[PDB]
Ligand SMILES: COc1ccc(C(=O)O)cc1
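One chain comes next, on its own, written out as structure tokens in the form deposited without this ligand.
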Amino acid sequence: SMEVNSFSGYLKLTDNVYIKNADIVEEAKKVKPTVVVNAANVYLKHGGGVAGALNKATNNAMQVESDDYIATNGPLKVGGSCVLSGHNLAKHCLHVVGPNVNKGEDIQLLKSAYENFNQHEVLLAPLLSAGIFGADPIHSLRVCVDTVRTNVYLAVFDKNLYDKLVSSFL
């Protein structure tokens, strides 16, 4: 999609981190960001969590693009990223691999994962390594705030989690 970056309705947590209680698919469609972040795995298999939602919204175009990327380039590393099409959601999708602590992956790589955001002026993003990836979402938000130095607009879907997360910044 042509970029518009129509961001509104966010709470400002820090100079550069904004957060909203939102479905990232519905938010991406309304914002048309330059970059939407996917909570990816190294083979870009878009199943549970944010990844399946973004892919479903593209009617599997993201998965077919991702399979072709993997065929040519092979898998990412944990903490790594690649830039692919944003399809109908964004100009670009930055597929970022946070460590999956459910799979015994090194939580220290969450810093590396969030560093990928710093390659981009502005992003719409979910929390990395939490949810199906098994890390504490409070820790994910802390690493995001400490590591991301560019303009990041966070969407958190679950209202109860959103309220608990933002409580410590109000």
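For every residue, the number given is its place in the sequence shown, counted from 1. Think of the rigid core as the biggest set of C-alphas that the two forms share within 1.5 Å after superposition. Shifts are known only where both forms have a C-alpha.
The form solved in complex with this ligand exists for this protein as well; it is not shown, and the discussion that follows is about that form.
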Given this ligand in the orientation seen in the deposited bound form, superposed onto this form through the C-alphas lining the site, is the binding site open or blocked (3 or more ligand atoms within 2.4 angstroms of backbone or C-beta atoms = blocked)?
blocked
Examine residue 32 and determine whether its closest non-hydrogen atom to this ligand in the deposited bound form is within 4.5 angstroms.
yes
Find out whether any non-hydrogen atom of residue 89 is located within 4.5 angstroms of this ligand in the deposited bound form, and reply yes or no.
yes
Quick one: name the residues from 101-129 with any non-hydrogen atom within 4.5 angstroms of this ligand in the deposited bound form.
none
Moved regions between this form and the one not shown after rigid core superposition (C-alpha shift of 2 angstroms or more, 3 or more residues per run) are 168-170
